[PDB]
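One chain follows as structure tokens, the form deposited in one PDB entry.
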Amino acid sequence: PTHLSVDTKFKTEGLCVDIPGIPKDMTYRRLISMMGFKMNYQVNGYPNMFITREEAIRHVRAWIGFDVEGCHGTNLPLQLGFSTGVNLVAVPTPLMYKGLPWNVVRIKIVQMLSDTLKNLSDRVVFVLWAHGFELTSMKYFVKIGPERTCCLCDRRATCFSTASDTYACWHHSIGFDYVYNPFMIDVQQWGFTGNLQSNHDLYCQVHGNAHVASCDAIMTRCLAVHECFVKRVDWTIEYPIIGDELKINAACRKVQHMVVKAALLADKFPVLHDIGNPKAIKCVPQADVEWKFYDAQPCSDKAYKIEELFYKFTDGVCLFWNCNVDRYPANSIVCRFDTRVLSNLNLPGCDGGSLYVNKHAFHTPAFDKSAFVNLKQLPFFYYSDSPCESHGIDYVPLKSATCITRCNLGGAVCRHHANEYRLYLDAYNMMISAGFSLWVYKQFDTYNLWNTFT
């Protein structure tokens, strides 16, 4: 039970306005032939241009929405739109580039996919709402064959050159003219009623139709994200390390310990209500406090309603560590992912949400400032009651209102605490650069922390 059988049936009803007369009975085998490719009985790791939902989910980082619209084949120019926001016009004689021939269009398609995907994926998965012109356009800029490696490295080839008759990965594809062994998935085979627009708009108010190919391409990918990551969720599935995953996660664990430990020391809450990930550990195992856990899986669609999560949390402090609710109570410590962040780890999502893909994939509900009215931003600080002592660590003295140690209260930061500061400030910047935001009860006062040494 691995790949999508080329002998699987393909519903053709969606194709038949662009391709009048097309058989009702069709398989991927026959369709690929119709699109102008020859498969060639080959068991060389490309058993179908089209892939399963489950294969597509495993490769969400490679999704590029793709759509073609006929401005007038041979007898007209095509507008190629992608979920990058790009719109190319090929003639056969927001970005909306005027009409150019296919030899320049195909060089642009490769540069664009290469730049979008080189730090994301070893492939591209073109995500379609297929009506016909997109599948018949592919012969103009795609080549298939055996799986191959890059001539310049050990990565799988994603592009081909007719000039040099060679193959390249997304990093090494510079000047190449053909997308080589792309994947595709037609969303219309998933069993939908009505047009793209009608199905997209059930779920998302953020993308409109400006009757242009890239809008359709963005809506297609969005709907696919909704069906695969909002309505269905599979946290089992692991995804490869492509970036600062490991640093971000350790950083997140250190800020959590720091912030919660400081909060218990300053304000001495007698009980902490820990609300989220049902696997969560005590982030401050030594803290003198009644730790009570409450189970809530990551909400992928709408932020939890606080009225439904609590049905005496007004006692002590509530810890929502990436537990997204509509309105945090005033007595909260909070870490919320800011869906608006631009990164390799954070893919555009559904209805202003974002798909954050770090070991596991988490569609996150759109960031809302109004959730935080009862709180304030957590102020930066580093705190340590650890003993000053180097043991074992550079030194160019550090100069800070925010280094809260016995040594700096004194006026002479020790070497161990000056390193730990610099480290902590790195982890902190790291976590914020990654898109997380920290929020605390309004009564939280850094000045209180100086009196936790006497």
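All residue numbers refer to positions in the sequence shown, first residue = 1.
Below, we turn to the form deposited with a small molecule bound, even though it does not appear here.
The small molecule is not shown here, but in the bound PDB entry it comes within 4.5 Å of a heavy atom of residue 89. None of the heavy atoms of residue 151 is located within 4.5 Å of the small molecule in the bound PDB entry. Interface residue remark: residue 387 is not counted as part of the site for the small molecule in the bound PDB entry, having no heavy atom within 4.5 Å.
Using a 4.5 Å cutoff between non-hydrogen atoms, residue 71 counts as a contact of the small molecule in the bound PDB entry.
Note on contacts: among 79, 189, 114, 199, the single residue with a heavy atom within 4.5 Å of the small molecule in the bound PDB entry is 79. With the partner omitted here, the residue from 228, 109, 168, 213 that has a non-hydrogen atom within 4.5 angstroms of the small molecule in the bound PDB entry is 213.
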